[PDB]
Amino acid sequence: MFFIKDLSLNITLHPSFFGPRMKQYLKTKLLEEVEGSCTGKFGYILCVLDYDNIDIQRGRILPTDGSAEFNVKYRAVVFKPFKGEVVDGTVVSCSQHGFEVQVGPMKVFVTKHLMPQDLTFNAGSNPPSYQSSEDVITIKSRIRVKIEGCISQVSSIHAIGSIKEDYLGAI
Amino acid sequence: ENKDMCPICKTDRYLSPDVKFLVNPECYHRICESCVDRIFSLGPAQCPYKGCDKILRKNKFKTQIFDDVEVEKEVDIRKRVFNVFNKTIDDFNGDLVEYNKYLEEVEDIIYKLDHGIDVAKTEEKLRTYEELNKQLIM
Amino acid sequence: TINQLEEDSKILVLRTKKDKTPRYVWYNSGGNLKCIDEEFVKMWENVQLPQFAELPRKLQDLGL
Ligand SMILES: [Zn+2]
Ligand SMILES: [Zn+2]
């Protein structure tokens with residue numbers, strides 16, 4: 001799901017970045033680290049709304065090294081998967097255990113055992129495709145996958161989907 | 001019965017019977033909670049109720065106060081066909097003869113459905129349901 | 001005759017099959033019950049009973 005949440009991050013700056021323009025640098029860092037990365041607590045961070053009204057609060061000096069620590073509160077658009085969530089995706093890589101569906105920035109995997117019996121694996125084709133009794137699952141094909149479980153590891157999120165139930169499969 | 005309510009859980013009276021016993025309308029078979037939940041949770045497959053082969057679907061269950069499968073099927077089909085026929089040419093003017101004749105036709109259709117005959121007249125009754133639905137849409 | 005007298009018609013205690021088997025001469029009713037699978041016996045010995053008054057409370061919570 002594509003949600004919007006106010007996140008807070010502690011930014012560390014080197015003593016060489018204490019110019020009057022340092023605020024800009026903050027925002028710069030606040031982009032370079034937050035946009036594109038991922039967190040196991042809020043999901044894949046997509047974008048960061050409100051770039052002009054970014055609160056800076058007050059910077060504190062930690063003991064050694066002399067680097068500066070900041071607490072920034074902002075608003076960001078993030079993407080977080082959920083268990084048992086119907087999503088759509090396109091296949092990228094194919095495997096004998098199942099094809100790897102691509103849903104946004106997340107690469108969900110579908111186990112072969114979590115597939116109907118009529119859906120069979122075909123390696124003789126290029127690329128290897130899953131041929132069923134009516135639908136042919138190829139790379140560029142669009143498949144509606146129902147996510148059964150999700151894993152929220154730090155800076156790394158992988159989920160498992162299935163298409164065995166009704167109203168699923170290729171789009 | 002107190003001796004058959006699930007092929008795996010047929011005697012749960014001394015195990016504190018706190019689980020219900022659902023029945024699928026496409027099987028008419030009693031299955032306890034912990035079993036059917038795994039059944040439709042692992043995929044729409046058939047229940048092993050005395051070697052049953054009819055597929056049990058996900059959800060679409062019902063609570064049963066037990067009035068025999070014959071009367072339960074006759075009241076389910078009775079209500080469904082009663083909703084398909086609706087009130088077409090019933091209280092349109094106040095006639096009693098043609099109204100009772102049409103009710104006799106509807107009840108004869110429900111009778112042919114609960115008896116099945118030879119799987120030939122019931123299909124014509126299904127086409128009659130599609131025709132009546134087409135008349136209700138217009 | 002002891003082997004032919006099935007189910008507590010003639011009981012004994014098989015000790016060793018090399019010393020004429022020191023026997024035993026008592027009677028009850030069934031005594032066989034070898035239809036009880038060995039797996040059920042292994043699952044019966046692995047159950048650790050809650051001592052003291054914990055067992056009646058654990059049985060009154062289940063409804064027995
Ligand atoms: Zn059961
Ligand atoms: Zn059944």
# chains A, B, ... in the order shown; residues from 1 in each chain; ligands from 1
$ residues_near_ligand --ligand "ligand 2" --cutoff "10 Å" --atoms "only C-alpha atoms and all ligand atoms" --output "list in words"
residues 23, 24, 25, 26, 27, 28, 29, 30, 31, 45, 46, 47, 48, 49, 50, 51, 52, 53, 54, 55 and 56 of chain B
$ write_last_selection --atoms "C-alpha atoms" --output "compact mmCIF listing (two decimals), in the first residue's frame"
# COMPACT_ATOMS: atom_id res chain seq x y z
CA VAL B 23 -22.20 -27.37 6.28
CA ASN B 24 -21.48 -26.40 2.69
CA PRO B 25 -24.54 -26.00 0.41
CA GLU B 26 -22.73 -28.01 -2.30
CA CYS B 27 -22.04 -31.02 -0.05
CA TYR B 28 -24.60 -31.05 2.79
CA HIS B 29 -21.90 -32.50 5.06
CA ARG B 30 -21.02 -31.58 8.64
CA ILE B 31 -17.43 -30.41 9.20
CA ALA B 45 -10.88 -28.85 -2.25
CA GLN B 46 -13.39 -31.58 -1.47
CA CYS B 47 -14.08 -32.82 2.06
CA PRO B 48 -13.34 -36.46 2.97
CA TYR B 49 -16.84 -36.92 4.43
CA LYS B 50 -17.29 -40.66 3.78
CA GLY B 51 -15.33 -40.30 0.55
CA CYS B 52 -17.04 -37.11 -0.60
CA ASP B 53 -15.84 -35.72 -3.93
CA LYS B 54 -17.85 -32.49 -4.28
CA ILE B 55 -15.55 -29.49 -3.92
CA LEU B 56 -15.97 -27.38 -0.78
$ residues_around --residues "residue 85 (chain B)" --least-positions-apart "6" --cutoff "8 Å" --atoms "only C-alpha atoms" --output "list in words"
residues 106, 129 and 132 of chain B
$ write_last_selection --atoms "N, CA and C atoms" --output "PDB file, in the first residue's frame"
ATOM      1  N   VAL B 106     -45.257 -22.979 -10.145  1.00  0.00           N
ATOM      2  CA  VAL B 106     -44.009 -22.686  -9.444  1.00  0.00           C
ATOM      3  C   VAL B 106     -43.657 -23.817  -8.487  1.00  0.00           C
ATOM      4  N   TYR B 129     -35.644 -19.620 -15.505  1.00  0.00           N
ATOM      5  CA  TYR B 129     -35.120 -18.634 -14.564  1.00  0.00           C
ATOM      6  C   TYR B 129     -34.404 -17.507 -15.297  1.00  0.00           C
ATOM      7  N   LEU B 132     -37.173 -15.360 -16.831  1.00  0.00           N
ATOM      8  CA  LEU B 132     -37.837 -14.526 -15.833  1.00  0.00           C
ATOM      9  C   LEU B 132     -36.928 -13.396 -15.368  1.00  0.00           C
TER      10      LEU B 132
END
$ select_by_dssp --residues "chain C" --states "alpha helix (DSSP H)" --output "PyMOL selection string"
chain C and resi 38-45+54-62
$ interface_residues --of "chain A" --to "chain B" --cutoff "9 Å" --atoms "only C-alpha atoms" --output "list in words"
residues 114, 116, 164, 165 and 166 of chain A
$ closest_atom_pairs --of "chain B" --to "chain C" --cutoff "9 Å" --atoms "only C-alpha atoms" --output "Markdown table"
| residue | atom | partner | partner_atom | distance |
| --- | --- | --- | --- | --- |
| B:14 | CA | C:64 | CA | 7.4 |
| B:15 | CA | C:62 | CA | 7.8 |
| B:16 | CA | C:63 | CA | 6.1 |
$ residues_around --residues "region 43-52 of chain A" --least-positions-apart "3" --cutoff "7 Å" --atoms "only C-alpha atoms" --output "ChimeraX atom specification"
/A:34-40,75-80
$ residues_near_ligand --ligand "ligand 1" --cutoff "6 Å" --atoms "only C-alpha atoms and all ligand atoms" --output "PyMOL selection string"
chain B and resi 6+8-9+32+35
$ residues_around --residues "residue 82 (chain B)" --least-positions-apart "4" --cutoff "10 Å" --atoms "only C-alpha atoms" --output "number ranges by chain"
B: 75-78, 86-87, 103, 106-107, 110
$ residues_around --residues "residue 25 (chain C)" --least-positions-apart "4" --cutoff "8 Å" --atoms "only C-alpha atoms" --output "ChimeraX atom specification"
/C:10-12
$ atom_distance --atom1 "CA of residue 57 (chain A)" --atom2 "CA of residue 69 (chain A)"
10.9 Å
$ select_by_dssp --residues "region 27-122 of chain A" --states "strand (DSSP E)" --output "VMD selection string"
chain A and resid 38 to 39 43 to 49 60 to 61 68 to 79 85 to 95 98 to 103 106 to 110 120 to 122
$ decode --residues "region 8-34 of chain C" --atoms "N, CA, C and O atoms" --output "short mmCIF file (atom, residue, chain, number, x, y, z; two decimals), in the first residue's frame"
data_model
loop_
_atom_site.label_atom_id
_atom_site.label_comp_id
_atom_site.auth_asym_id
_atom_site.auth_seq_id
_atom_site.Cartn_x
_atom_site.Cartn_y
_atom_site.Cartn_z
N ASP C 8 -6.44 -63.32 28.93
CA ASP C 8 -6.68 -63.57 30.35
C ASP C 8 -7.37 -64.90 30.63
O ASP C 8 -7.96 -65.08 31.70
N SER C 9 -7.31 -65.84 29.70
CA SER C 9 -7.71 -67.21 30.01
C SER C 9 -6.58 -68.00 30.64
O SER C 9 -6.83 -69.02 31.29
N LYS C 10 -5.34 -67.55 30.44
CA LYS C 10 -4.17 -68.06 31.15
C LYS C 10 -3.02 -67.09 30.99
O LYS C 10 -2.47 -66.95 29.89
N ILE C 11 -2.65 -66.41 32.06
CA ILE C 11 -1.66 -65.34 32.03
C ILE C 11 -0.32 -65.90 32.48
O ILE C 11 -0.23 -66.96 33.10
N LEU C 12 0.75 -65.18 32.15
CA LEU C 12 2.08 -65.45 32.69
C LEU C 12 2.92 -64.18 32.54
O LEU C 12 2.41 -63.12 32.15
N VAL C 13 4.21 -64.29 32.86
CA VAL C 13 5.16 -63.20 32.69
C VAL C 13 6.38 -63.76 31.98
O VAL C 13 7.15 -64.53 32.57
N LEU C 14 6.55 -63.39 30.71
CA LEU C 14 7.71 -63.82 29.93
C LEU C 14 8.95 -63.09 30.43
O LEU C 14 9.09 -61.88 30.23
N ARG C 15 9.85 -63.82 31.08
CA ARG C 15 11.08 -63.23 31.60
C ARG C 15 12.23 -63.45 30.63
O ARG C 15 12.73 -62.50 30.01
N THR C 16 12.67 -64.71 30.48
CA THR C 16 13.75 -65.05 29.57
C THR C 16 13.38 -66.30 28.78
O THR C 16 12.80 -67.24 29.33
N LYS C 17 13.70 -66.29 27.49
CA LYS C 17 13.46 -67.43 26.62
C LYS C 17 14.66 -68.37 26.57
O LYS C 17 15.11 -68.79 25.51
N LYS C 18 15.20 -68.70 27.75
CA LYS C 18 16.37 -69.56 27.82
C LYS C 18 16.44 -70.31 29.14
O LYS C 18 17.31 -71.17 29.33
N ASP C 19 15.53 -70.01 30.07
CA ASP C 19 15.52 -70.61 31.40
C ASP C 19 14.14 -71.17 31.73
O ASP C 19 13.65 -71.04 32.86
N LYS C 20 13.49 -71.79 30.76
CA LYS C 20 12.19 -72.45 30.91
C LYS C 20 11.07 -71.49 31.30
O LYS C 20 9.94 -71.94 31.53
N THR C 21 11.35 -70.19 31.38
CA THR C 21 10.39 -69.13 31.69
C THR C 21 9.69 -69.36 33.03
O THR C 21 8.71 -70.11 33.11
N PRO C 22 10.16 -68.72 34.11
CA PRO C 22 9.45 -68.81 35.40
C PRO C 22 8.05 -68.22 35.31
O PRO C 22 7.88 -67.01 35.15
N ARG C 23 7.03 -69.08 35.42
CA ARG C 23 5.67 -68.71 35.05
C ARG C 23 4.90 -68.00 36.15
O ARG C 23 5.49 -67.45 37.09
N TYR C 24 3.58 -68.03 36.04
CA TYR C 24 2.67 -67.24 36.85
C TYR C 24 1.25 -67.69 36.54
O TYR C 24 0.92 -67.94 35.38
N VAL C 25 0.41 -67.80 37.58
CA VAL C 25 -0.89 -68.44 37.44
C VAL C 25 -2.00 -67.58 38.05
O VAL C 25 -2.47 -67.87 39.16
N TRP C 26 -2.43 -66.55 37.33
CA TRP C 26 -3.51 -65.68 37.80
C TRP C 26 -4.46 -65.40 36.64
O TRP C 26 -4.18 -65.70 35.48
N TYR C 27 -5.61 -64.81 36.98
CA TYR C 27 -6.71 -64.65 36.05
C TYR C 27 -7.41 -63.32 36.30
O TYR C 27 -7.47 -62.83 37.43
N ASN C 28 -7.93 -62.73 35.22
CA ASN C 28 -8.66 -61.47 35.30
C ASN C 28 -9.83 -61.48 34.31
O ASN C 28 -10.83 -62.18 34.53
N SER C 29 -9.72 -60.71 33.23
CA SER C 29 -10.81 -60.60 32.27
C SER C 29 -10.29 -60.52 30.84
O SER C 29 -10.43 -61.48 30.07
N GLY C 30 -9.69 -59.40 30.47
CA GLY C 30 -9.15 -59.23 29.13
C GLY C 30 -7.64 -59.36 29.08
O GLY C 30 -7.13 -60.34 28.53
N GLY C 31 -6.93 -58.39 29.63
CA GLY C 31 -5.49 -58.48 29.78
C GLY C 31 -4.68 -58.37 28.50
O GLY C 31 -3.51 -57.99 28.54
N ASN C 32 -5.29 -58.71 27.36
CA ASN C 32 -4.61 -58.62 26.08
C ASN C 32 -4.34 -57.16 25.74
O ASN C 32 -3.27 -56.63 26.08
N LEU C 33 -5.29 -56.52 25.06
CA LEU C 33 -5.21 -55.09 24.74
C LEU C 33 -3.93 -54.74 23.99
O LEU C 33 -3.44 -53.60 24.05
N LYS C 34 -3.36 -55.71 23.27
CA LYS C 34 -2.19 -55.43 22.45
C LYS C 34 -2.54 -54.69 21.17
O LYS C 34 -1.64 -54.28 20.44
#
